[PDB]
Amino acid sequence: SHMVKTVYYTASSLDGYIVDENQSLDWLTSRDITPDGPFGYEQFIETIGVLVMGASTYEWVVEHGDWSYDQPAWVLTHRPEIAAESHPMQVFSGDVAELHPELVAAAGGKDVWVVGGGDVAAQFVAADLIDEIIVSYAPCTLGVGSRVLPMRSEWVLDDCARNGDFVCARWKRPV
């Protein structure tokens, strides 16, 4: 029970890249993870009432397996045609600060999850709307790729914990 929080929760290489240069997540997919442990997906997703993601993140979701989530989803895109029948969603284009009160209203008192990518998260951080960042670092470097949070920003560390092959850490907005 809190005011609705907006949280950016993502996996990353230990050196700060999500997606590699070849546009894939193979470095992520066969790692040990414990979805019911510390910062695990099972406890996290129960707190969440709505998803928001960019166009590439949405395309990745509709093109790999069939990740099923119960919450409504918003996609930041100039391309409505991306919509797949397997993943219905609401398109929004423009300033995320205008979208944010609708996400909070659509979340049913639960939290807003910023799925990615780093450019979408930075938009929310530049509008001052991210309350928490949760990064699960995989035990590899990539050197190059999409950056986890491509800007200058300051946070307060809450804590970190190992979860399988991952280092999971949560930071909070300074007050």
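From 1 onward, residues are counted along the sequence shown.
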item: Comparing 54-62 with 35-43, the one whose average Cα B-factor in the PDB entry is higher; value: 35-43
item: Which of 23-31 and 44-52 has higher mean CA B factor, as the PDB entry lists it; value: 23-31
item: Maximum C-alpha temperature factor, selected from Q90, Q71, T77, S86; value: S86
item: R170 by Cα B-factor - lowest, middle or highest third of the modelled chain; value: lowest
item: Cα B factor band for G116 (lowest, middle or highest third within the chain); value: lowest
item: Chain thirds of CA B-factor: placement of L99; value: middle
item: B-factor third for the C-alpha atom of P139 within its chain; value: lowest
